[PDB]
$ cat upload_17.cif   # mmCIF, C-alpha atoms and all ligand atoms
data_final
loop_
_atom_site.label_atom_id
_atom_site.label_comp_id
_atom_site.auth_asym_id
_atom_site.auth_seq_id
_atom_site.Cartn_x
_atom_site.Cartn_y
_atom_site.Cartn_z
CA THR A 1 -78.91 15.63 -32.69
CA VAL A 2 -81.28 16.06 -35.61
CA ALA A 3 -84.74 16.75 -34.24
CA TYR A 4 -87.71 16.69 -36.60
CA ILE A 5 -90.48 19.09 -35.64
CA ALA A 6 -93.98 19.16 -37.09
CA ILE A 7 -95.60 22.55 -37.49
CA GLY A 8 -99.35 22.90 -37.76
CA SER A 9 -101.50 26.02 -37.91
CA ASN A 10 -105.24 26.20 -38.51
CA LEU A 11 -105.59 29.96 -38.69
CA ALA A 12 -107.70 31.10 -41.65
CA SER A 13 -104.60 32.82 -43.02
CA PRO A 14 -101.70 30.97 -41.37
CA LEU A 15 -98.64 31.99 -43.39
CA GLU A 16 -97.53 34.82 -41.09
CA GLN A 17 -97.92 32.74 -37.94
CA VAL A 18 -96.01 29.87 -39.53
CA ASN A 19 -93.21 32.21 -40.60
CA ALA A 20 -93.06 33.77 -37.15
CA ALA A 21 -92.79 30.26 -35.70
CA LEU A 22 -90.05 29.28 -38.14
CA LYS A 23 -88.02 32.34 -37.27
CA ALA A 24 -88.45 31.58 -33.56
CA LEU A 25 -87.33 27.97 -34.10
CA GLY A 26 -84.17 29.36 -35.71
CA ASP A 27 -83.52 31.43 -32.59
CA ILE A 28 -83.57 28.47 -30.18
CA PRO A 29 -80.24 28.31 -28.29
CA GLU A 30 -77.69 25.60 -29.14
CA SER A 31 -79.62 24.82 -32.31
CA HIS A 32 -80.05 25.71 -35.95
CA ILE A 33 -82.43 24.85 -38.77
CA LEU A 34 -81.08 22.39 -41.35
CA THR A 35 -84.03 22.30 -43.74
CA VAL A 36 -87.76 23.16 -43.94
CA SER A 37 -90.33 21.23 -45.96
CA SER A 38 -92.85 22.77 -48.29
CA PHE A 39 -96.06 24.07 -46.76
CA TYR A 40 -98.96 21.70 -47.24
CA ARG A 41 -102.70 22.22 -47.02
CA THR A 42 -104.56 19.51 -45.15
CA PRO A 43 -108.24 19.16 -44.24
CA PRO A 44 -109.20 18.91 -40.55
CA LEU A 45 -110.23 15.45 -39.36
CA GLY A 46 -113.86 16.41 -38.75
CA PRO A 47 -116.58 18.87 -39.87
CA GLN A 48 -115.75 21.01 -42.91
CA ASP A 49 -116.71 24.16 -41.00
CA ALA A 50 -113.12 24.59 -39.82
CA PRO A 51 -110.07 26.15 -41.52
CA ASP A 52 -107.59 23.99 -43.43
CA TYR A 53 -104.37 23.24 -41.56
CA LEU A 54 -101.00 24.32 -42.89
CA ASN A 55 -98.54 21.53 -42.08
CA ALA A 56 -94.75 21.45 -42.47
CA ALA A 57 -91.71 19.63 -41.13
CA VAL A 58 -88.46 21.15 -39.87
CA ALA A 59 -85.09 19.48 -39.34
CA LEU A 60 -83.38 21.19 -36.41
CA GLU A 61 -79.81 20.41 -35.42
CA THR A 62 -79.59 20.76 -31.64
CA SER A 63 -77.35 20.02 -28.68
CA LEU A 64 -80.25 20.55 -26.26
CA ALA A 65 -81.74 17.68 -24.27
CA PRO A 66 -85.16 16.59 -25.58
CA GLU A 67 -87.02 18.16 -22.62
CA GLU A 68 -85.09 21.41 -23.08
CA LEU A 69 -86.16 21.50 -26.71
CA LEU A 70 -89.77 20.89 -25.59
CA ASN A 71 -89.46 23.84 -23.19
CA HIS A 72 -88.54 26.02 -26.16
CA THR A 73 -91.24 24.76 -28.50
CA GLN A 74 -93.84 25.22 -25.75
CA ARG A 75 -92.54 28.74 -25.10
CA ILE A 76 -92.90 29.53 -28.80
CA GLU A 77 -96.47 28.26 -28.72
CA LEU A 78 -97.19 30.58 -25.76
CA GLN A 79 -95.43 33.57 -27.31
CA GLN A 80 -96.58 33.40 -30.91
CA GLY A 81 -99.19 30.64 -30.98
CA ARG A 82 -102.14 32.97 -30.50
CA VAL A 83 -103.27 35.74 -32.79
CA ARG A 84 -104.88 38.94 -31.60
CA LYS A 85 -108.49 39.23 -32.66
CA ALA A 86 -110.54 42.42 -32.67
CA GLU A 87 -111.53 42.42 -29.01
CA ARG A 88 -109.39 39.69 -27.49
CA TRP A 89 -106.52 37.30 -28.04
CA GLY A 90 -107.53 34.15 -29.90
CA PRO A 91 -106.84 30.58 -28.73
CA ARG A 92 -103.75 28.57 -29.60
CA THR A 93 -103.63 27.87 -33.35
CA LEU A 94 -99.94 26.88 -33.58
CA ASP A 95 -98.84 23.34 -32.77
CA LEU A 96 -95.14 22.38 -32.54
CA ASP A 97 -94.74 18.63 -32.05
CA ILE A 98 -91.46 16.76 -31.77
CA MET A 99 -91.76 13.87 -34.22
CA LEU A 100 -88.30 12.38 -33.80
CA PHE A 101 -85.25 13.25 -31.71
CA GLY A 102 -82.27 11.66 -33.38
CA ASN A 103 -82.69 7.91 -32.94
CA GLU A 104 -83.82 8.29 -29.33
CA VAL A 105 -86.84 6.61 -27.77
CA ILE A 106 -88.42 8.83 -25.10
CA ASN A 107 -91.29 7.86 -22.82
CA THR A 108 -91.75 10.36 -20.00
CA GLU A 109 -94.66 12.22 -18.47
CA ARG A 110 -93.91 15.12 -20.82
CA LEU A 111 -92.58 13.40 -23.92
CA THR A 112 -93.42 10.53 -26.18
CA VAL A 113 -90.95 10.25 -29.07
CA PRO A 114 -91.48 9.10 -31.74
CA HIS A 115 -94.70 11.11 -31.74
CA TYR A 116 -97.46 8.75 -30.62
CA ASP A 117 -99.68 9.05 -33.70
CA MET A 118 -97.44 10.21 -36.55
CA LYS A 119 -97.61 6.83 -38.32
CA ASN A 120 -101.37 7.39 -38.75
CA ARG A 121 -101.03 10.90 -40.18
CA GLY A 122 -100.19 11.63 -43.79
CA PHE A 123 -99.99 15.30 -42.81
CA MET A 124 -97.01 14.44 -40.60
CA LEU A 125 -95.38 11.72 -42.72
CA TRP A 126 -95.46 13.37 -46.14
CA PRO A 127 -93.67 16.62 -45.20
CA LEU A 128 -91.14 14.54 -43.26
CA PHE A 129 -90.58 12.27 -46.29
CA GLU A 130 -89.91 15.31 -48.45
CA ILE A 131 -86.98 16.32 -46.25
CA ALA A 132 -85.85 12.88 -45.02
CA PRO A 133 -86.81 10.19 -47.53
CA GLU A 134 -84.29 7.67 -46.12
CA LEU A 135 -85.33 8.19 -42.49
CA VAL A 136 -85.21 5.21 -40.15
CA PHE A 137 -87.15 5.13 -36.88
CA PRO A 138 -85.44 4.02 -33.64
CA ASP A 139 -86.95 0.53 -33.86
CA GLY A 140 -85.80 -0.01 -37.44
CA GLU A 141 -89.05 0.86 -39.22
CA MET A 142 -88.41 3.05 -42.29
CA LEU A 143 -90.44 6.15 -43.17
CA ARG A 144 -90.60 4.94 -46.78
CA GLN A 145 -92.02 1.62 -45.51
CA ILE A 146 -94.80 3.27 -43.51
CA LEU A 147 -95.92 5.38 -46.49
CA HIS A 148 -95.68 2.38 -48.83
CA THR A 149 -97.76 0.20 -46.48
CA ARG A 150 -100.52 2.75 -45.70
CA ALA A 151 -100.76 4.43 -49.12
CA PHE A 152 -101.76 7.81 -47.64
CA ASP A 153 -102.63 10.29 -50.38
CA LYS A 154 -100.04 12.90 -51.26
CA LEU A 155 -100.78 16.36 -49.92
CA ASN A 156 -101.53 19.52 -51.85
CA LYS A 157 -99.02 22.30 -51.33
CA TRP A 158 -100.34 25.48 -49.76
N1 LIG A 201 -93.47 14.47 -29.09
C1 LIG A 201 -94.12 15.45 -28.44
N2 LIG A 201 -94.13 16.71 -28.92
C2 LIG A 201 -94.81 17.64 -28.25
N3 LIG A 201 -95.54 17.54 -27.14
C3 LIG A 201 -95.54 16.27 -26.68
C4 LIG A 201 -94.86 15.21 -27.26
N4 LIG A 201 -95.06 14.03 -26.53
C5 LIG A 201 -95.84 14.39 -25.54
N5 LIG A 201 -96.16 15.72 -25.57
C6 LIG A 201 -97.05 16.37 -24.63
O1 LIG A 201 -98.28 16.65 -25.30
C7 LIG A 201 -98.97 17.51 -24.38
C8 LIG A 201 -100.16 18.13 -25.06
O2 LIG A 201 -99.68 18.93 -26.17
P1 LIG A 201 -100.77 19.43 -27.22
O3 LIG A 201 -99.99 20.23 -28.22
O4 LIG A 201 -101.90 20.12 -26.52
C9 LIG A 201 -101.38 17.95 -28.03
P2 LIG A 201 -101.70 18.23 -29.76
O5 LIG A 201 -100.39 18.40 -30.49
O6 LIG A 201 -102.74 19.30 -29.91
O7 LIG A 201 -102.32 16.85 -30.25
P3 LIG A 201 -101.50 15.55 -30.82
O8 LIG A 201 -100.51 15.16 -29.74
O9 LIG A 201 -102.60 14.55 -31.08
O10 LIG A 201 -100.82 15.94 -32.10
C10 LIG A 201 -97.89 18.45 -23.85
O11 LIG A 201 -98.17 18.94 -22.57
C11 LIG A 201 -96.60 17.67 -23.98
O12 LIG A 201 -96.05 17.38 -22.69
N1 LIG A 202 -104.79 18.45 -40.89
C1 LIG A 202 -104.39 18.45 -39.58
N2 LIG A 202 -105.24 18.09 -38.66
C2 LIG A 202 -104.79 18.07 -37.37
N3 LIG A 202 -105.68 17.69 -36.42
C3 LIG A 202 -105.25 17.68 -35.17
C4 LIG A 202 -103.94 18.03 -34.81
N4 LIG A 202 -103.06 18.40 -35.72
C5 LIG A 202 -103.47 18.43 -37.00
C6 LIG A 202 -102.51 18.85 -38.02
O1 LIG A 202 -101.36 19.22 -37.84
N5 LIG A 202 -103.08 18.82 -39.31
CL CL A 203 -93.20 2.05 -24.28
MG MG A 204 -100.17 17.87 -32.55
MG MG A 205 -98.78 19.56 -29.80
#
$ encode --input "upload_17.cif" --output "structure tokens"
Amino acid sequence: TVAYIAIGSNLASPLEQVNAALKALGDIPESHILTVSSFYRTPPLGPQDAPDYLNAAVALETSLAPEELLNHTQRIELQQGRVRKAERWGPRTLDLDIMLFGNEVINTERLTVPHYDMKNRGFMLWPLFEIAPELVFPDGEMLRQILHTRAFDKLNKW
């Protein structure tokens, strides 16, 4: 199965967290990375007093079940999603979301795939389009179609 994972980090300087996360994704059992999008810089959807997000997309070939993959992404968030500050550990700044899991539709207590809001988010769609321009969603919607319809602005690279 090709799973598409969105990476987001809103650390002030996120490159080292993002790289640590990418390495960890490549260590997930029964899986391997196929391709990684560019890193993109995207404003937060609120006050400008917050750090930019770094957003990227990863194609991961996996034989894991969707919930097993989620266990691993959540583990990675726990293990390398927080950065040590001067006095204490900081809060979670790394987000690993499963955008698509092959052509599967998943609606459980733990999982909603396709990701419930990705079609509203240029910061999810654009990196995905870079690595999968011909992508078709389970219901037959095309990624190209969603971007064409909504006209979301292209993202600046990090
Ligand atoms: N496709 C998916 N990928 C990752 N987590 C998912 C998911 N579908 C549902 N979830 C659930 O989402 C819950 C909350 O995860 P969080 O990472 O805190 C939300 P977030 O990513 O910060 O916001 P967002 O979902 O608006 O992007 C998890 O406990 C997980 O079970
Ligand atoms: N720019 C941006 N904003 C966000 N806001 C909430 C959750 N994820 C994100 C994300 O990944 N990028
Ligand atoms: Cl449904
Ligand atoms: Mg998210
Ligand atoms: Mg999340």
$ residues_near_ligand --input "upload_17.cif" --ligand "ligand MG 205 (chain A)" --cutoff "8 Å" --atoms "only C-alpha atoms and all ligand atoms" --output "list in words"
residues 95, 96 and 97 of chain A
$ closest_residue --input "upload_17.cif" --among "A:135, A:118, A:12, A:106" --to "ligand MG 204 (chain A)" --atoms "all atoms listed in the file"
A:118
$ atom_distance --input "upload_17.cif" --atom1 "CA of residue 51 in chain A" --atom2 "atom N3 of ligand LIG 201 (chain A)"
22.2 Å
$ residues_near_ligand --input "upload_17.cif" --ligand "ligand MG 204 (chain A)" --cutoff "10 Å" --atoms "all atoms listed in the file" --output "ChimeraX atom specification"
/A:6-9,94-99,115-118,124
$ write_last_selection --input "upload_17.cif" --atoms "C-alpha atoms" --output "short mmCIF file (atom, residue, chain, number, x, y, z; two decimals), keeping the file's coordinate frame"
data_model
loop_
_atom_site.label_atom_id
_atom_site.label_comp_id
_atom_site.auth_asym_id
_atom_site.auth_seq_id
_atom_site.Cartn_x
_atom_site.Cartn_y
_atom_site.Cartn_z
CA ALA A 6 -93.98 19.16 -37.09
CA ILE A 7 -95.60 22.55 -37.49
CA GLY A 8 -99.35 22.90 -37.76
CA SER A 9 -101.50 26.02 -37.91
CA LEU A 94 -99.94 26.88 -33.58
CA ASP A 95 -98.84 23.34 -32.77
CA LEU A 96 -95.14 22.38 -32.54
CA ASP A 97 -94.74 18.63 -32.05
CA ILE A 98 -91.46 16.76 -31.77
CA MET A 99 -91.76 13.87 -34.22
CA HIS A 115 -94.70 11.11 -31.74
CA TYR A 116 -97.46 8.75 -30.62
CA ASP A 117 -99.68 9.05 -33.70
CA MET A 118 -97.44 10.21 -36.55
CA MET A 124 -97.01 14.44 -40.60
#
$ closest_atom_pairs --input "upload_17.cif" --of "chain A" --to "ligand CL 203 (chain A)" --cutoff "10 Å" --atoms "all atoms listed in the file" --output "JSON lines"
{"residue": "A:105", "atom": "CA", "partner": "A:CL203", "partner_atom": "CL", "distance": 8.6}
{"residue": "A:106", "atom": "CA", "partner": "A:CL203", "partner_atom": "CL", "distance": 8.3}
{"residue": "A:107", "atom": "CA", "partner": "A:CL203", "partner_atom": "CL", "distance": 6.3}
{"residue": "A:108", "atom": "CA", "partner": "A:CL203", "partner_atom": "CL", "distance": 9.5}
{"residue": "A:112", "atom": "CA", "partner": "A:CL203", "partner_atom": "CL", "distance": 8.7}
{"residue": "A:113", "atom": "CA", "partner": "A:CL203", "partner_atom": "CL", "distance": 9.8}
$ residues_near_point --input "upload_17.cif" --point "(-103.6, 30.2, -31.8)" --cutoff "10 Å" --atoms "all atoms listed in the file" --output "NGL selection string"
:A and (9-11 or 14 or 17 or 77-84 or 89-95)
$ atom_distance --input "upload_17.cif" --atom1 "CA of residue 59 in chain A" --atom2 "CA of residue 123 in chain A"
15.9 Å
$ residues_around --input "upload_17.cif" --residues "range 140-144 of chain A" --least-positions-apart "2" --cutoff "10 Å" --atoms "only C-alpha atoms" --output "PDB file with C-alpha atoms, in the coordinates of the input"
ATOM      1  CA  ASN A 103     -82.690   7.910 -32.940  1.00  0.00           C
ATOM      2  CA  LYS A 119     -97.610   6.830 -38.320  1.00  0.00           C
ATOM      3  CA  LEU A 125     -95.380  11.720 -42.720  1.00  0.00           C
ATOM      4  CA  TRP A 126     -95.460  13.370 -46.140  1.00  0.00           C
ATOM      5  CA  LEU A 128     -91.140  14.540 -43.260  1.00  0.00           C
ATOM      6  CA  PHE A 129     -90.580  12.270 -46.290  1.00  0.00           C
ATOM      7  CA  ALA A 132     -85.850  12.880 -45.020  1.00  0.00           C
ATOM      8  CA  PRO A 133     -86.810  10.190 -47.530  1.00  0.00           C
ATOM      9  CA  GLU A 134     -84.290   7.670 -46.120  1.00  0.00           C
ATOM     10  CA  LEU A 135     -85.330   8.190 -42.490  1.00  0.00           C
ATOM     11  CA  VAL A 136     -85.210   5.210 -40.150  1.00  0.00           C
ATOM     12  CA  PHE A 137     -87.150   5.130 -36.880  1.00  0.00           C
ATOM     13  CA  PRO A 138     -85.440   4.020 -33.640  1.00  0.00           C
ATOM     14  CA  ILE A 146     -94.800   3.270 -43.510  1.00  0.00           C
ATOM     15  CA  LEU A 147     -95.920   5.380 -46.490  1.00  0.00           C
ATOM     16  CA  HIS A 148     -95.680   2.380 -48.830  1.00  0.00           C
ATOM     17  CA  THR A 149     -97.760   0.200 -46.480  1.00  0.00           C
TER      18      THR A 149
END
$ atom_distance --input "upload_17.cif" --atom1 "CA of residue 85 in chain A" --atom2 "CA of residue 18 in chain A"
17.0 Å
$ closest_residue --input "upload_17.cif" --among "A:41, A:110, A:88, A:75" --to "ligand LIG 202 (chain A)" --atoms "all atoms listed in the file"
A:41
$ closest_residue --input "upload_17.cif" --among "A:156, A:62, A:19, A:71" --to "ligand LIG 202 (chain A)" --atoms "all atoms listed in the file"
A:156
$ residues_near_ligand --input "upload_17.cif" --ligand "ligand LIG 202 (chain A)" --cutoff "6 Å" --atoms "all atoms listed in the file" --output "VMD selection string"
chain A and resid 8 42 to 45 53 55 123
$ closest_residue --input "upload_17.cif" --among "A:27, A:130, A:68, A:109" --to "residue 39 in chain A" --atoms "all atoms listed in the file"
A:130
$ axis_aligned_box --input "upload_17.cif" --around "ligand LIG 201 (chain A)" --padding-each-side "6 Å" --output "JSON"
{"center_x": -98.1, "center_y": 17.1, "center_z": -27.3, "size_x": 21.3, "size_y": 18.2, "size_z": 21.5}
$ closest_residue --input "upload_17.cif" --among "A:111, A:54, A:2, A:33" --to "residue 67 in chain A" --atoms "only C-alpha atoms"
A:111
$ build_atoms --input "upload_17.cif" --residues "range 11-37 of chain A" --atoms "N, CA, C and O atoms" --output "PDB file, in the coordinates of the input"
ATOM      1  N   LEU A  11    -105.082  28.617 -38.430  1.00  0.00           N
ATOM      2  CA  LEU A  11    -105.590  29.960 -38.690  1.00  0.00           C
ATOM      3  C   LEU A  11    -106.172  30.010 -40.094  1.00  0.00           C
ATOM      4  O   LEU A  11    -105.737  29.272 -40.975  1.00  0.00           O
ATOM      5  N   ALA A  12    -107.139  30.895 -40.310  1.00  0.00           N
ATOM      6  CA  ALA A  12    -107.700  31.100 -41.650  1.00  0.00           C
ATOM      7  C   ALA A  12    -106.630  31.509 -42.661  1.00  0.00           C
ATOM      8  O   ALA A  12    -106.619  31.043 -43.804  1.00  0.00           O
ATOM      9  N   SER A  13    -105.750  32.403 -42.230  1.00  0.00           N
ATOM     10  CA  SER A  13    -104.600  32.820 -43.020  1.00  0.00           C
ATOM     11  C   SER A  13    -103.372  32.572 -42.165  1.00  0.00           C
ATOM     12  O   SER A  13    -102.967  33.438 -41.395  1.00  0.00           O
ATOM     13  N   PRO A  14    -102.787  31.371 -42.275  1.00  0.00           N
ATOM     14  CA  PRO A  14    -101.700  30.970 -41.370  1.00  0.00           C
ATOM     15  C   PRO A  14    -100.267  31.308 -41.769  1.00  0.00           C
ATOM     16  O   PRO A  14     -99.364  31.043 -40.978  1.00  0.00           O
ATOM     17  N   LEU A  15    -100.027  31.858 -42.956  1.00  0.00           N
ATOM     18  CA  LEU A  15     -98.640  31.990 -43.390  1.00  0.00           C
ATOM     19  C   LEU A  15     -97.783  32.840 -42.449  1.00  0.00           C
ATOM     20  O   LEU A  15     -96.630  32.505 -42.183  1.00  0.00           O
ATOM     21  N   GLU A  16     -98.333  33.932 -41.933  1.00  0.00           N
ATOM     22  CA  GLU A  16     -97.530  34.820 -41.090  1.00  0.00           C
ATOM     23  C   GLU A  16     -97.255  34.231 -39.700  1.00  0.00           C
ATOM     24  O   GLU A  16     -96.197  34.468 -39.107  1.00  0.00           O
ATOM     25  N   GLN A  17     -98.189  33.446 -39.182  1.00  0.00           N
ATOM     26  CA  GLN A  17     -97.920  32.740 -37.940  1.00  0.00           C
ATOM     27  C   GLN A  17     -96.862  31.659 -38.150  1.00  0.00           C
ATOM     28  O   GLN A  17     -95.956  31.489 -37.337  1.00  0.00           O
ATOM     29  N   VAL A  18     -96.980  30.917 -39.241  1.00  0.00           N
ATOM     30  CA  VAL A  18     -96.010  29.870 -39.530  1.00  0.00           C
ATOM     31  C   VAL A  18     -94.611  30.452 -39.723  1.00  0.00           C
ATOM     32  O   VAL A  18     -93.633  29.919 -39.215  1.00  0.00           O
ATOM     33  N   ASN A  19     -94.507  31.557 -40.453  1.00  0.00           N
ATOM     34  CA  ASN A  19     -93.210  32.210 -40.600  1.00  0.00           C
ATOM     35  C   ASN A  19     -92.641  32.725 -39.298  1.00  0.00           C
ATOM     36  O   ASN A  19     -91.442  32.594 -39.049  1.00  0.00           O
ATOM     37  N   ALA A  20     -93.500  33.294 -38.460  1.00  0.00           N
ATOM     38  CA  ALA A  20     -93.060  33.770 -37.150  1.00  0.00           C
ATOM     39  C   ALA A  20     -92.540  32.592 -36.322  1.00  0.00           C
ATOM     40  O   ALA A  20     -91.518  32.695 -35.643  1.00  0.00           O
ATOM     41  N   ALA A  21     -93.231  31.458 -36.395  1.00  0.00           N
ATOM     42  CA  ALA A  21     -92.790  30.260 -35.700  1.00  0.00           C
ATOM     43  C   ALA A  21     -91.458  29.728 -36.230  1.00  0.00           C
ATOM     44  O   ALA A  21     -90.588  29.318 -35.463  1.00  0.00           O
ATOM     45  N   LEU A  22     -91.300  29.724 -37.550  1.00  0.00           N
ATOM     46  CA  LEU A  22     -90.050  29.280 -38.140  1.00  0.00           C
ATOM     47  C   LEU A  22     -88.879  30.160 -37.725  1.00  0.00           C
ATOM     48  O   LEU A  22     -87.787  29.663 -37.432  1.00  0.00           O
ATOM     49  N   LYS A  23     -89.085  31.466 -37.724  1.00  0.00           N
ATOM     50  CA  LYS A  23     -88.020  32.340 -37.270  1.00  0.00           C
ATOM     51  C   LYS A  23     -87.675  32.035 -35.810  1.00  0.00           C
ATOM     52  O   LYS A  23     -86.497  31.941 -35.448  1.00  0.00           O
ATOM     53  N   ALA A  24     -88.696  31.856 -34.974  1.00  0.00           N
ATOM     54  CA  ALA A  24     -88.450  31.580 -33.560  1.00  0.00           C
ATOM     55  C   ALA A  24     -87.702  30.254 -33.380  1.00  0.00           C
ATOM     56  O   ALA A  24     -86.808  30.151 -32.544  1.00  0.00           O
ATOM     57  N   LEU A  25     -88.052  29.238 -34.168  1.00  0.00           N
ATOM     58  CA  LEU A  25     -87.330  27.970 -34.100  1.00  0.00           C
ATOM     59  C   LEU A  25     -85.846  28.185 -34.402  1.00  0.00           C
ATOM     60  O   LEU A  25     -84.981  27.578 -33.768  1.00  0.00           O
ATOM     61  N   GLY A  26     -85.551  29.067 -35.353  1.00  0.00           N
ATOM     62  CA  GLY A  26     -84.170  29.360 -35.710  1.00  0.00           C
ATOM     63  C   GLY A  26     -83.412  30.162 -34.670  1.00  0.00           C
ATOM     64  O   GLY A  26     -82.194  30.333 -34.771  1.00  0.00           O
ATOM     65  N   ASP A  27     -84.128  30.667 -33.671  1.00  0.00           N
ATOM     66  CA  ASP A  27     -83.520  31.430 -32.590  1.00  0.00           C
ATOM     67  C   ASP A  27     -83.331  30.592 -31.326  1.00  0.00           C
ATOM     68  O   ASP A  27     -82.805  31.082 -30.330  1.00  0.00           O
ATOM     69  N   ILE A  28     -83.765  29.334 -31.348  1.00  0.00           N
ATOM     70  CA  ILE A  28     -83.570  28.470 -30.180  1.00  0.00           C
ATOM     71  C   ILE A  28     -82.067  28.290 -29.926  1.00  0.00           C
ATOM     72  O   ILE A  28     -81.301  28.048 -30.855  1.00  0.00           O
ATOM     73  N   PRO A  29     -81.649  28.459 -28.664  1.00  0.00           N
ATOM     74  CA  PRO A  29     -80.240  28.310 -28.290  1.00  0.00           C
ATOM     75  C   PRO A  29     -79.690  26.922 -28.602  1.00  0.00           C
ATOM     76  O   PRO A  29     -80.430  25.939 -28.561  1.00  0.00           O
ATOM     77  N   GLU A  30     -78.398  26.862 -28.915  1.00  0.00           N
ATOM     78  CA  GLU A  30     -77.690  25.600 -29.140  1.00  0.00           C
ATOM     79  C   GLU A  30     -78.261  24.805 -30.300  1.00  0.00           C
ATOM     80  O   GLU A  30     -78.123  23.581 -30.348  1.00  0.00           O
ATOM     81  N   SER A  31     -78.892  25.497 -31.245  1.00  0.00           N
ATOM     82  CA  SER A  31     -79.620  24.820 -32.310  1.00  0.00           C
ATOM     83  C   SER A  31     -79.571  25.640 -33.585  1.00  0.00           C
ATOM     84  O   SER A  31     -79.323  26.840 -33.556  1.00  0.00           O
ATOM     85  N   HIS A  32     -79.816  24.986 -34.711  1.00  0.00           N
ATOM     86  CA  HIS A  32     -80.050  25.710 -35.950  1.00  0.00           C
ATOM     87  C   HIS A  32     -80.862  24.859 -36.918  1.00  0.00           C
ATOM     88  O   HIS A  32     -80.810  23.632 -36.876  1.00  0.00           O
ATOM     89  N   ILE A  33     -81.627  25.528 -37.770  1.00  0.00           N
ATOM     90  CA  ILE A  33     -82.430  24.850 -38.770  1.00  0.00           C
ATOM     91  C   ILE A  33     -81.557  24.302 -39.887  1.00  0.00           C
ATOM     92  O   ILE A  33     -80.685  25.010 -40.396  1.00  0.00           O
ATOM     93  N   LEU A  34     -81.777  23.033 -40.235  1.00  0.00           N
ATOM     94  CA  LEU A  34     -81.080  22.390 -41.350  1.00  0.00           C
ATOM     95  C   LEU A  34     -81.885  22.515 -42.635  1.00  0.00           C
ATOM     96  O   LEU A  34     -81.343  22.828 -43.696  1.00  0.00           O
ATOM     97  N   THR A  35     -83.181  22.251 -42.560  1.00  0.00           N
ATOM     98  CA  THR A  35     -84.030  22.300 -43.740  1.00  0.00           C
ATOM     99  C   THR A  35     -85.500  22.388 -43.320  1.00  0.00           C
ATOM    100  O   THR A  35     -85.860  21.938 -42.230  1.00  0.00           O
ATOM    101  N   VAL A  36     -86.332  22.983 -44.174  1.00  0.00           N
ATOM    102  CA  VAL A  36     -87.760  23.160 -43.940  1.00  0.00           C
ATOM    103  C   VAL A  36     -88.518  22.590 -45.141  1.00  0.00           C
ATOM    104  O   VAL A  36     -88.158  22.856 -46.292  1.00  0.00           O
ATOM    105  N   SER A  37     -89.540  21.782 -44.880  1.00  0.00           N
ATOM    106  CA  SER A  37     -90.330  21.230 -45.960  1.00  0.00           C
ATOM    107  C   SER A  37     -91.190  22.300 -46.620  1.00  0.00           C
ATOM    108  O   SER A  37     -91.291  23.424 -46.137  1.00  0.00           O
TER     109      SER A  37
END
